[PDB]
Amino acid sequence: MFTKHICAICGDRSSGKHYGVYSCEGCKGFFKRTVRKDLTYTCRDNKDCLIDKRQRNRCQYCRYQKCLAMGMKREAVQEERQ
């Protein structure tokens, strides 16, 4: 299940790739929501916040940049289903 994979973004356990990157269900859901709602975030610190399991929700801006930096593809996010 979540045996041989680690989230490239936050280090949490991973069941496989999502949007092109080995990632956890947290980072997958976060990236999907960000892309679908076309959200913009702001870092109130130095735009280099630590992204690990405990801290990944502290700064949405930095979490999102890391999703991109590790390879997440926005084009892989499909349209909501009606």
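Heads up: residue numbers just count along the shown sequence, starting at 1. So that the term is clear: the rigid core is the largest set of C-alpha atoms that superpose within 1.5 Å between two forms.
Root mean square Cα distance to the shown form, taken over structures and residues in 8 other deposited structures of this protein after a core fit, is higher for 47-55 when 27-35 and 47-55 are compared. Each structure in 8 other deposited structures of this protein is fitted to the shown form on the rigid core, and of 70-78 and 57-65 the C-alphas lie farther away on average for 70-78. For the segment pair 70-78 and 56-64, the entry gives 70-78 the higher mean B-factor, averaged over Cα atoms. Between the stretches 23-31 and 43-51, it is 43-51 that shows the larger average CA temperature factor. Among the modelled residues of the chain, residue 1 sits in the highest third by CA temperature factor in this PDB entry.
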